[PDB]
Colleague: 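Before anything else, here's the structure in question.
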2 protein chains.
Amino acid sequence: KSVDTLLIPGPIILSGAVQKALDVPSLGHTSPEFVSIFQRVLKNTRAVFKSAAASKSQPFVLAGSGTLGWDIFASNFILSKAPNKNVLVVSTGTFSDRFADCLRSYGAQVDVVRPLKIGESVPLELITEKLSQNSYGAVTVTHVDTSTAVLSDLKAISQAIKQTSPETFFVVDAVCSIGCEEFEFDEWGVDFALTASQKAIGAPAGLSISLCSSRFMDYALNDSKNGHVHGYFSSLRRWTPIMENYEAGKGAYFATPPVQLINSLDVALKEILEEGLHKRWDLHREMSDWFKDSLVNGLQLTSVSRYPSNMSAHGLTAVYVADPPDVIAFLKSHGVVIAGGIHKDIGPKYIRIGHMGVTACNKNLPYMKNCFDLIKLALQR
Amino acid sequence: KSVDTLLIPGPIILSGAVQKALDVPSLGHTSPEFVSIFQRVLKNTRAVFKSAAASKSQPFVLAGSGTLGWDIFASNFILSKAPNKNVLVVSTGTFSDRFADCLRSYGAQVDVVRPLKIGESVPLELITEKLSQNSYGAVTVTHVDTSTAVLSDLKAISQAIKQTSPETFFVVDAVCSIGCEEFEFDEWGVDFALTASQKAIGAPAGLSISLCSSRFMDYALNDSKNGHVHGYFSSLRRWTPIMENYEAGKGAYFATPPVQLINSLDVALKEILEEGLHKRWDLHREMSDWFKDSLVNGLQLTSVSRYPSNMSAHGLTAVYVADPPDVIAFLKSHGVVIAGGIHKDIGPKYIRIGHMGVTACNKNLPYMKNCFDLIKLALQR
Ligand SMILES: *Cc1c(COP(=O)(O)O)cnc(C)c1O
Ligand SMILES: *Cc1c(COP(=O)(O)O)cnc(C)c1O
């Protein structure tokens, strides 16, 4: 027997290079050789977000998970003397909501705008409407909500913000979009974007990867004006000098970074950048279309996210099924792991499949053809 | 050429088993096989702290670094309606102080008690004195401060607390003590202990490993009384159900745990437990004595921590040297990495060496004999 094929929306299967890049002896975090690795990582992190070094945006890579990104933004936005604590949360599913929770836990007055139906993005006009009737210090959008597998139009939302409330910070939960979905940090005027290491970036789990715009960084570190951070580990003020030195190939110290994880992430970022982001987004699209096509049209199923449509993310598939547990158990027995629903409402009414990174790209891995064949067979009983 | 020999106080060299335990394909975090790994890890985590399952203490293993442990304790102690926000910090070096900072950043009124001289522990009578003239909600002690390489007598301090202020929570920063220093969670009445994965535990960097006493857990989750956590990722309230299920071999989800890191930690914990904690503490002692003996007596150097004495930790050595940079550079050139000072005062006046985990135990690794030979030669010029 072998290891099961991971086809859930994070963690995902790692390419050989990034996986064996984990099995490496420990390096001192301030050693010249580790400093080399992290420097590349920080610069490739901004690149992967589609941010130019000239934008003066500040990248942050630290031990934690995607979720840390929420704490980081909240803790650095809702400072002690925060002038505007109102945040407007654009919800497309479970994670948007959980982000809303995190926000509130930090002292932010949160407003939630939702879609007209589950599996859809929030209407743009409703977002601008909300952006007008009130003045939010920040607005969040979950680029791809993994619970509903819904894709939000960041280009549109970013323009509505620039148009209706330019001063409000544009925060994007890109955990399940960076690496497989078109995402333009600089172009779309994103102030804070956060992603994880185990989704489309194709790295091991254990890292929080976020990026700060010059504008937000300007706000976050203005102690005399906005006050201080009610926290510590998540303090941008404390980590900036560290990320700065590392990018300058200097090496300093606040909290020991995950050397093995950073080494792995180094390879993972190179791989997505060596072949090109656009190319990598197209592969995910091709994979996603073929698969939903097979599921929705081929097996006459219904997608949780509207399909076909630009509302359906390319990093995963969420399709309703009669008996999700049975389908999941069936695939499991045959060496394939897919996921359940995780959603306050439709939770046990559907299943979720991965198809990100090497499993989406790299047309030699039969992972997905086999996945579909199995689901196909699972619905036979 | 080869990889340099890591002889700094964290990260440390990993044994072959735990290192290759990193290079493993990703598992779904709720998959039966991963649930198996994490369950063992959580139970061996309490074991490694010397806590009996019967104590009902709750372990926490999450993505982050030792430093997260501070945020976790602070965030869960200084709740919204915290009845006693006063914390007494027992400082033996830089980290005690930084912990003090973290504490203040979270809203705690901190008092700092220090040693009479650098390289010494704080006098016990001064601690009880301070514990009497005021009533602290909690007191922290850095079991081994890596900046000064000082060891505090937890047995003594724990009795002074039980004696002078039993209600005050006993918090221990065990980041550089668990795995190489005698540490009794249950026996000494520790309420919150935090450690990291890269020190004496001999695991890769990237995990925060802490343990909560039934008593503290009682306080931390009493929302109606003490209020809520001003935070999210560090909320014990949010992670408890997760650690609980995992220990029950159930598997649930709050924030994706570092599957590869947990797998590695699994092996690392087994190894220290398979040979026995006491045995593992003696090996560290033997190694530490031999090495400081060689440095202090052999090369007539002066330890930053009082030596010989019970104030000198066994996980590292901090010795003053004429030209630290030169000694460090010299060792580096010959494939060995030791560290600088990191201390507000004596910072550039000394060096630091590791000797923890496989490099301290496993009497086949010539790492330390060679380290000394090199320092010996470094002082020849
Ligand atoms: C190494 C160390 C820390 C910091 O641990 P990180 O893993 O770098 O966050 C905190 N306390 C002590 C006593 C240490 O030795
Ligand atoms: C997977 C995911 C998260 C949580 O990431 P962790 O790494 O589990 O903390 C947050 N947001 C979205 C949109 C996700 O898909």
Side-chain angles (χ1 to χ4, degrees), chain A residues 8-12 29 62-71 92-99 102 140-150 152 172-178 194-200 205-209 233 253-258 313 315-316 339 342 352 356, chain B residues 8-12 29 62-71 92-99 102 140-150 152 172-178 194-200 205-209 233 253-258 313 315-316 339 342 352 356:
Chain A
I8 66 173
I12 66 169
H29 49 294
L62 27 70
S65 51
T67 301
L68 187 53
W70 302 342
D71 287 61
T92 42
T94 309
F95 298 87
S96 306
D97 298 330
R98 290 185 182 190
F99 192 174
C102 173
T140 67
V141 179
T142 307
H143 197 185
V144 165
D145 191 297
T146 292
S147 68
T148 59
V150 174
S152 294
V172 178
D173 176 324
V175 173
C176 199
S177 69
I178 293 154
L194 62 112
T195 191
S197 56
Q198 0 70 66
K199 305 281 171 70
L207 288 173
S208 164
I209 305 163
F233 189 80
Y253 171 80
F254 169 60
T256 294
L316 73 157
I342 186 179
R352 287 182 302 150
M356 286 192 272
Chain B
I8 66 173
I12 66 169
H29 49 294
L62 27 70
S65 51
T67 301
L68 187 53
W70 302 342
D71 287 61
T92 42
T94 309
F95 298 87
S96 306
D97 298 330
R98 290 185 182 190
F99 192 174
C102 173
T140 67
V141 179
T142 307
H143 197 185
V144 165
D145 191 297
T146 292
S147 68
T148 59
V150 174
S152 294
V172 178
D173 176 324
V175 173
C176 199
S177 69
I178 293 154
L194 62 112
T195 191
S197 56
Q198 0 70 66
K199 305 281 171 70
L207 288 173
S208 164
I209 305 163
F233 189 80
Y253 171 80
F254 169 60
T256 294
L316 73 157
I342 186 179
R352 287 182 302 150
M356 286 192 272

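Just so we're on the same page: letters track the sequence lines, and every chain starts at 1. Worth knowing before you read on, the calculation uses all heavy atoms, side chains too, and leaves out hydrogens, waters and symmetry mates. Just so you know, ligand 1 is whichever comes first in the structure, and atom 1 is the first atom listed for that ligand.
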Colleague: What orientation do B:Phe99 and B:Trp70 show, parallel under 30°, tilted 30 to 60°, or perpendicular over 60°?
Modeller: parallel
Colleague: Please name all residues satisfying side chain to side chain contact (heavy atoms under 4.5 Å, CB included) with A:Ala339, sequence neighbours left out, ordered by chain then number.
Modeller: A:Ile8, A:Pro9, A:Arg352
Colleague: For ligand 2, what N or O to protein N or O distances fall under 3.5 Å?
Modeller:
{"from": "ligand 2", "atom 1": "7 (O)", "to": "A:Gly66", "atom 2": "N", "distance (Å)": "2.9"}
{"from": "ligand 2", "atom 1": "7 (O)", "to": "A:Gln198", "atom 2": "OE1", "distance (Å)": "3.4"}
{"from": "ligand 2", "atom 1": "8 (O)", "to": "B:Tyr253", "atom 2": "OH", "distance (Å)": "2.7"}
{"from": "ligand 2", "atom 1": "8 (O)", "to": "B:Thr256", "atom 2": "N", "distance (Å)": "2.8"}
{"from": "ligand 2", "atom 1": "8 (O)", "to": "B:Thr256", "atom 2": "OG1", "distance (Å)": "2.7"}
{"from": "ligand 2", "atom 1": "9 (O)", "to": "A:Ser65", "atom 2": "OG", "distance (Å)": "3.0"}
{"from": "ligand 2", "atom 1": "9 (O)", "to": "A:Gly66", "atom 2": "N", "distance (Å)": "3.2"}
{"from": "ligand 2", "atom 1": "9 (O)", "to": "A:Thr67", "atom 2": "N", "distance (Å)": "2.8"}
{"from": "ligand 2", "atom 1": "9 (O)", "to": "A:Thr67", "atom 2": "OG1", "distance (Å)": "2.7"}
{"from": "ligand 2", "atom 1": "11 (N)", "to": "A:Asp173", "atom 2": "OD1", "distance (Å)": "3.3"}
{"from": "ligand 2", "atom 1": "11 (N)", "to": "A:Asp173", "atom 2": "OD2", "distance (Å)": "3.0"}
{"from": "ligand 2", "atom 1": "15 (O)", "to": "A:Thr146", "atom 2": "OG1", "distance (Å)": "2.4"}
{"from": "ligand 2", "atom 1": "15 (O)", "to": "A:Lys199", "atom 2": "NZ", "distance (Å)": "3.0"}

Colleague: For B:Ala200, give me all partners under side chain to side chain contact (heavy atoms under 4.5 Å, CB included), at least two apart in sequence or on another chain.
Modeller: B:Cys180, B:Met356
Colleague: Got a sec, which residues hit side chain to side chain donor-acceptor pair (under 3.5 Å) with B:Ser152, two or more places apart in sequence or on another chain?
Modeller: none
Colleague: What closest approach, in Å, do B:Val175 and B:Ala196 show between heavy atoms, and which atom pair accounts for it?
Modeller: CG1-CB, 3.8 Å
Colleague: Keeping A:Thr195 on the side-chain end and A:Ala174 on the backbone end, is there a donor-acceptor pair under 3.5 Å?
Modeller: yes
